[PDB]
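[1] Make a model of this:
(8 chains, ligands or ions: 8)
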8 protein chains.
Amino acid sequence: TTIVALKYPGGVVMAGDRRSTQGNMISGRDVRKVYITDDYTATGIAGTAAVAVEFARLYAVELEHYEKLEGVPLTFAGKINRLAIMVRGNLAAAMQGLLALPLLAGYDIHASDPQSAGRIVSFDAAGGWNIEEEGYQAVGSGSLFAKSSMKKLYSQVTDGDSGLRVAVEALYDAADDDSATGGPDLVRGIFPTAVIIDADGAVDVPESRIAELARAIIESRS
Amino acid sequence: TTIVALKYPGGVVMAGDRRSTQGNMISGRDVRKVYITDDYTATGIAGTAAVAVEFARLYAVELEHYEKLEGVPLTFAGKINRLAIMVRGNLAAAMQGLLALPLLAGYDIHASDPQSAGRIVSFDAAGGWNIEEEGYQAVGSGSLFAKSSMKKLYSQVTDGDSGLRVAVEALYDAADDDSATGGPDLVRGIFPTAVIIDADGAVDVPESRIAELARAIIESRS
Amino acid sequence: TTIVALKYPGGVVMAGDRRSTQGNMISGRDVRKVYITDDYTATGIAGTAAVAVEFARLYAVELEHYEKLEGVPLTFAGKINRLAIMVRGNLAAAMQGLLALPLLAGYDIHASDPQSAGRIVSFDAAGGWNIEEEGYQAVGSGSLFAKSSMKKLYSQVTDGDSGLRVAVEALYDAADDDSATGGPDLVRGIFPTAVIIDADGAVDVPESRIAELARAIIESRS
Amino acid sequence: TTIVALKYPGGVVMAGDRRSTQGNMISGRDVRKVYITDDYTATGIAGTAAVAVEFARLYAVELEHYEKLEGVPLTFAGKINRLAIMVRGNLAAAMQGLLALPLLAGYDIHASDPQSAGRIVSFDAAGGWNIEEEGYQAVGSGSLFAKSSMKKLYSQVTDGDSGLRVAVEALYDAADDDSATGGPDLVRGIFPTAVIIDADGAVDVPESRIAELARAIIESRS
Amino acid sequence: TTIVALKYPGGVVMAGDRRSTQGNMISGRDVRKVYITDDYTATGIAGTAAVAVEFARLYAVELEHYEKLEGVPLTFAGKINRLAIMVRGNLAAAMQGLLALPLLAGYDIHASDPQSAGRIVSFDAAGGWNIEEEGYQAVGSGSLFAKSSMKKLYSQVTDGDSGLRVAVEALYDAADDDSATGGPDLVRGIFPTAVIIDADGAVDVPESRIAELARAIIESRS
Amino acid sequence: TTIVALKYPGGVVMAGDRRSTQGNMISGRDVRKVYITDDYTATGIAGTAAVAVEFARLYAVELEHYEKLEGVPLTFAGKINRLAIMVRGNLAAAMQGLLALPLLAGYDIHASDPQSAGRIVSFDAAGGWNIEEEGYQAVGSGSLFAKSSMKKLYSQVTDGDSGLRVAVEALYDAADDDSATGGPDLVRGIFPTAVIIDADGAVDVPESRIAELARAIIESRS
Amino acid sequence: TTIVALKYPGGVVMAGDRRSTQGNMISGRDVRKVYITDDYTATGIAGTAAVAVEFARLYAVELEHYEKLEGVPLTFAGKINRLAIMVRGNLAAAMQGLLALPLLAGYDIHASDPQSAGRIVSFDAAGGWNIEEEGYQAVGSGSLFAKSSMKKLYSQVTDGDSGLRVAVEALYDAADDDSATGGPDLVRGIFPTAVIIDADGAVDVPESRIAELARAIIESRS
Amino acid sequence: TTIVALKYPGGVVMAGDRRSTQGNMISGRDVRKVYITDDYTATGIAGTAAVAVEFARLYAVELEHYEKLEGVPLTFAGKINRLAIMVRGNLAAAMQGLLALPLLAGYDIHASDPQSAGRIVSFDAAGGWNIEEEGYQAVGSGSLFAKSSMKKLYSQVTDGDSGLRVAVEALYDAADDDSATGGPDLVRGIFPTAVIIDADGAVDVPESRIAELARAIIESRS
Ligand SMILES: CC(C)C[C@H](NC(=O)CNC(=O)c1cc(Cl)ccc1Cl)B(O)O
Ligand SMILES: CC(C)C[C@H](NC(=O)CNC(=O)c1cc(Cl)ccc1Cl)B(O)O
Ligand SMILES: CC(C)C[C@H](NC(=O)CNC(=O)c1cc(Cl)ccc1Cl)B(O)O
Ligand SMILES: CC(C)C[C@H](NC(=O)CNC(=O)c1cc(Cl)ccc1Cl)B(O)O
Ligand SMILES: CC(C)C[C@H](NC(=O)CNC(=O)c1cc(Cl)ccc1Cl)B(O)O
Ligand SMILES: CC(C)C[C@H](NC(=O)CNC(=O)c1cc(Cl)ccc1Cl)B(O)O
Ligand SMILES: CC(C)C[C@H](NC(=O)CNC(=O)c1cc(Cl)ccc1Cl)B(O)O
Ligand SMILES: CC(C)C[C@H](NC(=O)CNC(=O)c1cc(Cl)ccc1Cl)B(O)O
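    Residues are numbered from 1 along each chain as shown, chains lettered A, B, ... in the order given. Ligands and ions are numbered 1, 2, ... in the order given. You can find the structure just below:
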């Protein structure tokens, strides 16, 4: 499992793979690991699948409940605090074998400068959170390879297309180096999933663009 | 790791993959797991790499030493006994984490009927050996999937080409179902390795034929 | 124990065996492992017998109770959520030796296209659920052999008869490869049990058809 | 695994099944578990396969070595003592998971009365031996069912044919009650193996007679 | 301890022995292990004596309480459910050394066909219940020998006398093979206890008939 | 297991039962537990069967070897010392589950008074020996009941017949109170075994006398 | 600790850092971790310092001893075998906390093509060795970051200068990502150490070139 | 992690580093570890990050809550007591791996002499607090080196500038001796953070002054 997120001038882009394994046996081929929490926020959780889906559905319900009750949406710090509390509450279950690690991406509409409005937040198993300032982050078992690839490929990002290409390349490198991460499937036609957040909101990326980018990358590497 | 062996009218064919892993991290991409022990015998070992290479080199040296000392090669039962003794001697090291499991294929020149001269022998961790009579066998972590594929694909085998195609298809299915088994690599150009034993001896299969068969299988599955 | 389920154009078919064992001793010969929960849903549970019957009776009562209380039946997602909650609640008892794993098959009447209305859902020990998209699934100790047989026999399915024949063949292969699965009994006259769900509801398959199919398969293999 | 032995006026008959299992997985279908040690003695060992074959080959070599050295064969008590010593020496390996339990059948040529010359000897894990006086014995995991069947079917034995039929029926009952024992296979054509010892020596029973007896028993039970 | 139950055309018959032991020391010689719960149901419990008597007295009180409260007796399925709940509630005490295993026999007055109205129900340590369809069942430490004897002696049962004789013979065989089961005592005059249930209700069998049957069986075996 | 020995004016008498058990399962019905070591000494061993037979055969061989080497038999104290050394050497194997406890009876030919020449010696698990002076001793799991019966029945002993009757009665009481001790079998015709040692040597008692005594005792108790 | 090795047309280059730590405390600032074993071979060991120096001095002495004894140097395979034996012999000490992992670089003078004569060999804790075919390798705790940097920077290598620059950059990245690896020190003037092997032999790189390259890299990153 | 605090005539100065590590891997480069609790008090916590932020936010909220409720701020002893209670309450979580150790600096406005109004308070894991009287204190894993540096550099402190320079030098020495402490970064431009408290309140130090001081110190050491 590997989920990447990065910033471009105008917003953020988040991408994730589709492989689910049970030890060394492949169990799932088209799992979706990226969710749209609200109009300007996306979350990606790694670890036990059931805990991840439960956390995602609970977080979405809590945000919607607050928005309906108070008539106004929460600020970014409030959402970070709620997610940190949810993560901290699972420490006892995080031990003994039910662990979930989230990653958050968002667009701040209250920021003075619209260009620097994209935010990426990472979390730890004890509930501590950190706001990234380097422009990219990765979570999962193949996060080190993806981070090392982005460290070299980040100079090419100029807009959304460049960032999406860099994210796909990082996922490809992570799948190349890790056996628990699923690479592109050309026999079946399964590709990673991406979400792009900008001033107009959060939109899912169509699969044709990702397929074209993956084919171009595969041709380049060959 | 998955090594398959099967019989065709005239001889035997053995095939193996090339992936080496350390947990969930990929460590080796072009490992060779099939050896030619002598003019009419091939061996394939699964498990710890160092133990496998040590076992193979030791077995070859022992066979050559006996042949040079006595002026006549050993019979098939003698080779089986020597391999079983070698396996039985590693029981203590097989426990605690140094395990090697071999599979043997051969052609008997003393058999009355040259058609039914191919032999396949399997071994267990305690040193017990079994001579196969169904026509195929597989060893490794993905052996169950390969065996289940051969159970359905064995009716098509008529000669060496048919058997080689069936072996490649079984390896492909094993790699599809298991993450510790390496599939064909078209970006890099790495394919499984095969050895064919018949009345003229044991010969390594050139990589072009295996590449053609793998491409045909991939096109068929797509 | 092995329970299989598969999709055909028009609906779904689920099949199960009849053997119950206590270690290596045979305890039961005509156990029924497939239940009709409601007019359009079937469930099959593997594991401890008492837990399975308790889970089945409880699930049926809960569905009927909701239908009577609200005057309208639940949707498919609601039933999946209820089953997942029931499975998740038994985690503590799943450890230490009281484990039950269910498999769900159903027909969605709210789907726009009646042809693609059959659904198959699998579950894990932690309460996570997955909706199948390949067309078949198996649960139990012999599920791997049945899945590997269906992977090769799925191209022949065209209607209900073809699917039933494929399911019986998969159960036969699972019983051939596993000793904890009961095969057809011709001395006594005991055969697996099947349920077919289509637009008209869920119907139990009469035993004469299954006996004829099993006899044909046995004759073919001989 | 189940091996039976019984006495008839004129000699002894020993029979055994052909199933080999690894837990709940079937590993072997045509294993031979009955050996002819010398001209008037047969042995059947249950437990770990490798230990059983090693014990059998060692016992045969020791008997032949003594016969060649001294120019005269050993008496029955000497053979019993040698087998008991061999069993007693494996106590340490019998613990921790390498256990072999033998059963011996023989014809005494030094007995005054040729009619009462058949002997059956059983052994325990500590090396103690017992000479049977009831006329039948069984070893293995399904020995209780076979013994209970012979207790009722022993009144019909008059000659070799009657004893062979009773032995086949006892093996059939043991396979009916135990899942680790292999029953007759009519799809493949595999049947238990039998050895008959009389004043002329020890002879293997041809498979046609056993197939006919098994078919008759199956027809009777149906 | 061994309790047997079997079906004959017209009803059911249940029988039990009288030995109570504390390790290898004999503690009781005339213990009664079969109870008449109501007008058409009998129960026999094996295991710890105190738990068995407590379970029996509690079950009888519960059935009588329901009958008095509702003015109508429970159906057979309700009684089975109550007994299963009672057994399931003792799982924690079943572990660590307070185990009780029941067996139930009854006559259904609501059945359409009076001939096939006898029912035999067995239970497991986790609370799972099974309805027998072969015609006989045994519980206790000597149940295997009794079952194997009934498997051969069931063809002679035609009416109540035949069934009672078969039950006494099965108990005799169980006592012959097991040392924890008490056989007939001719020095003291103590014999097993039996209960016969038919359309007129459940009646205890007088001891003279059982003594005559036991004497006849002993004479036959001598 | 219970072995009794007692003194009468003129010599000694030793008796033993014939039951062999494996837990609560009966394994042997006609085991012989009393041996004649030499012309004036008898030994009876209780515990593990194999250890007992090994000890007996070894003791006999050692006594014969000394007699042949030195040309003169050992004295009684020397035999006691040899037996005590043999018992002491098995202490390590006596722990962990291989225990053998002997009892010795003999006639001293060097005693001044021929009337008081019978000797009974008992041993403990550490190798300590004691010479009895009360006139009787018992070994085994039912030794307490036999000793308590002899304490009351010893006043009737006058000669060999009286002592034999008392020994049979003590064995009968031990079998009555203990389930691991075999009583007289009238269906099969198996009775305890006795040895009588006097000035003329040690003689085995014929079975007819023991059968008559057992029948008389059974009639008296009835 | 991080040691890198890579191939360029004409030979090989190996580089290593200088930090030694004891937990989180810095103990050494100018440790040398790269040795020249002979005229055409270099070795770099990571792990416990004392074991590394002992292994290096022993390997050099063994190679020199063989060269002096036989009058001819060993071949490359012989050196690999000797190093593998030395590593395998320390398995017991490798456990419990004395671990040393080597990496070997060399130039083969017996190769037909002088361009492709550079060899890089890696080893595992059990004694297994692998010959690299991708052109670079890294060992130590920061090996993953260095490998990921070389995977992107390898396309620039054309000659010795390019390879040395790439090696220094990889070491810089490893020190950036790992706290147990020492980076360039400009206050003190301490830089990594490098060895270059080509057709003329193995030569140590002067520190001025490495200082210039490190200053250029630092200026580029700033 | 290292946080230093010291006194100068007129007030106090507190400084801290910016490195966050996870074992031997660097995780954070610009972490802020010094907080302004109120107008005259600063706190610095070392240990687990999440616990530190939670403690800081809770302490600030508690102080503000008391000030708003009572209309008057707490005295210094009251704040010390509240912090000690908060530390004491985490003892159970301090064990097993969630430890936080604070350090407090403040200016007392109720002191008679404004010159000697700066206070430094240290705490232990059990909740005990100590008021420093030597003029400086350090907390963290590199506190010993910083304390030993201040012991020699304290004679130069005359005003705020001297104290700030001494604090930066102590942090530099701690980073030199400890690998878990971050030193000045000139490639990226990250420097430690400082807070100065005097009669006018608590003010954050601008980064330009700290950068100038760090550059001067680095030039001096070179
Ligand atoms: C979203 C999620 C797929 C993340 C990934 N985790 C897993 O796949 C872990 N796997 C299971 O939880 C699991 C899945 C099934 Cl089907 C059965 C049993 C188990 Cl144990 B990842 O690589 O980190
Ligand atoms: C021939 C052999 C490759 C067989 C296969 N086994 C392994 O790959 C096991 N792996 C290692 O031994 C190993 C390899 C390295 Cl590079 C480092 C550490 C370890 Cl621990 B297989 O899949 O069964
Ligand atoms: C529906 C159910 C039969 C499923 C199957 N499970 C079992 O048979 C497990 N067996 C028992 O639970 C059990 C049965 C009895 Cl009669 C007594 C004791 C025990 Cl322990 B399967 O193969 O997975
Ligand atoms: C002669 C012998 C077949 C007797 C029987 N024992 C076994 O089958 C036990 N099985 C193995 O030893 C064994 C066989 C293989 Cl192929 C692989 C691993 C193992 Cl662990 B029996 O039922 O008692
Ligand atoms: C109805 C009952 C007699 C059943 C049987 N169980 C027992 O006899 C077990 N025995 C005791 O519980 C017991 C009896 C006494 Cl007197 C003292 C101590 C103990 Cl521990 B059976 O064979 O299964
Ligand atoms: C002479 C001897 C029969 C004495 C008696 N001991 C035993 O019977 C103990 N039993 C066995 O040793 C034994 C017998 C067999 Cl057939 C199989 C396994 C075992 Cl474990 B006694 O009651 O003290
Ligand atoms: C060549 C060698 C420096 C390699 C490196 N290993 C170490 O530094 C380990 N450290 C010690 O062994 C050690 C050093 C001292 Cl001064 C005192 C105690 C210890 Cl325990 B590396 O990073 O892998
Ligand atoms: C304020 C705080 C940074 C103090 C320092 N502590 C730590 O850095 C400890 N580290 C973590 O807690 C931690 C950080 C992350 Cl990103 C992930 C996992 C863990 Cl486990 B120090 O050196 O004492």
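[2] Which residue is it, in chain A, that comes closest to ligand 3?
    Proximity to ligand 3, evaluated over chain A using CB to the nearest ligand atom, is greatest for residue A:22 at 18.5 Å. In this view, the C-beta of every residue, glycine as well, is placed from N, C-alpha and C.
[3] and that residue, how many neighbours?
    By the criterion of other CB atoms under 10 Å in any protein chain shown, residue A:22 has 9 neighbours.
[4] Can you report phi and psi for it?
    For residue A:22, the backbone dihedrals (degrees, to the nearest 10) come out as phi -120, psi 90.
[5] is it in a bridge, and if so with what?
    Taking DSSP bridges as the rule, residue A:22 bridges to residue A:25.
[6] So for residue A:35, what's the nearest residue that isn't a sequence neighbour?
    Distance criterion CB to CB, 6 or more residues apart in numbering or on different chains; nearest residue to residue A:35, sequence neighbours excluded, is residue A:56 at 4.8 Å.
[7] just to revisit the earlier point, what's the distance between the residue of chain A closest to ligand 3 and residue C:110?
    Using CB to CB, to the nearest Å, residue A:22 is found at 32 Å from residue C:110.
[8] Then residue A:206?
    Separation of residue A:206 from residue C:110 (CB to CB): 27 Å.
[9] Contact partners for residue A:53?
    residue C:128 (CB atoms under 8 Å, 6 or more residues apart in numbering or on different chains).
[10] Okay, and it sits in which element?
    Assigned by DSSP states H and E, residue A:53 belongs to helix A:49-70.
[11] what's the following helix or strand past that helix packed up against?
    Downstream of helix A:49-70, the next assigned helix or strand under DSSP H and E is helix A:76-88. Under the contact criterion of 3 or more CB pairs under 8 Å, 6 or more residues apart in numbering or on different chains; DSSP states H and E, helix A:76-88 touches helix A:49-70, strand A:100-107, strand A:118-123, strand A:129-131.
[12] Residue A:211: neighbour count?
    That count, for residue A:211 with other CB under 10 Å as the rule, works out to 15.
[13] tell me which element it falls in.
    Assigned by DSSP H and E, residue A:211 belongs to helix A:207-221.
[14] Tell me if that helix is near chain B.
    Yes. Applying CB under 8 Å from any CB of the partner chain, one finds that helix A:207-221 is in contact with chain B at A:218, A:221.
[15] From the structure, what's the count of residues near the residue in chain A positioned nearest to ligand 5?
    Nearest residue of chain A to ligand 5: residue A:96, at 38.6 Å (CB to the nearest ligand atom). Residues lying near residue A:96 (other CB under 10 Å) number 7.
[16] same deal with the one 3 residues further on?
    Using other CB under 10 Å as the criterion, residue A:99 is surrounded by 16 other residues.
[17] Could you tell me which residues make contact with it?
    Residues in contact with residue A:99 (CB under 8 Å, 6+ apart) are A:47, A:48, A:51, A:125.
[18] need the residues of chain A near chain G, please.
    Chain A comes close to chain G at residues A:144, A:145, A:148, A:149, A:151, A:152, A:173, A:177, as judged by CB under 8 Å from any CB.
[19] List the contacts of the residue in chain A that ligand 4 sits nearest to.
    Chain A approaches ligand 4 most closely through residue A:24 (21.0 Å), counting by CB to the nearest ligand atom. Neighbour list for residue A:24: B:141, B:178, B:179, B:180 [criterion: CB under 8 Å, 6+ apart].
[20] same check, this time on residue A:9
    A:115, A:158, A:159.
[21] Turn those residues into TSV, including neighbour count, secondary structure and distance to residue G:106.
    Formatted as TSV, the contacts of residue A:9 follow (neighbours: other CB atoms under 10 Å in any protein chain shown; DSSP: H, G, I helix; E, B strand; the rest coil; distance: CB to CB, whole Å):
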residue	neighbour count	secondary structure	distance to residue G:106
A:115	10	coil	54
A:158	10	coil	45
A:159	11	coil	49
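[22] quick one on the thing from earlier: out of the contacts of residue A:24, which sit inside helices?
    Counting by DSSP state H, no part of the contacts of residue A:24 is found in helices.
[23] Throw these into TSV and include neighbour count, thanks.
    Formatted as TSV, those follow (neighbours: other CB atoms under 10 Å in any protein chain shown):
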residue	neighbour count
B:141	17
B:178	24
B:179	22
B:180	22
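[24] and residue A:162, what is it in contact with?
    A:8, A:156.
[25] can I assume it sits in a strand?
    No. Read with DSSP: H, G, I helix; E, B strand; the rest coil, residue A:162 is helix and lies in no strand.
[26] count of neighbours near residue A:66?
    16.
[27] Kindly provide the distance from it to chain E.
    According to CB to the nearest CB, to the nearest Å, residue A:66 and chain E sit 44 Å apart.
[28] how close does the nearest residue to that residue once chain neighbours are set aside get to residue C:194?
    Leaving aside its chain neighbours, residue A:66 sits nearest to residue A:74 (5.7 Å; criterion: CB to CB, 6+ apart). Distance, residue A:74 to residue C:194, by CB to CB: 53 Å.
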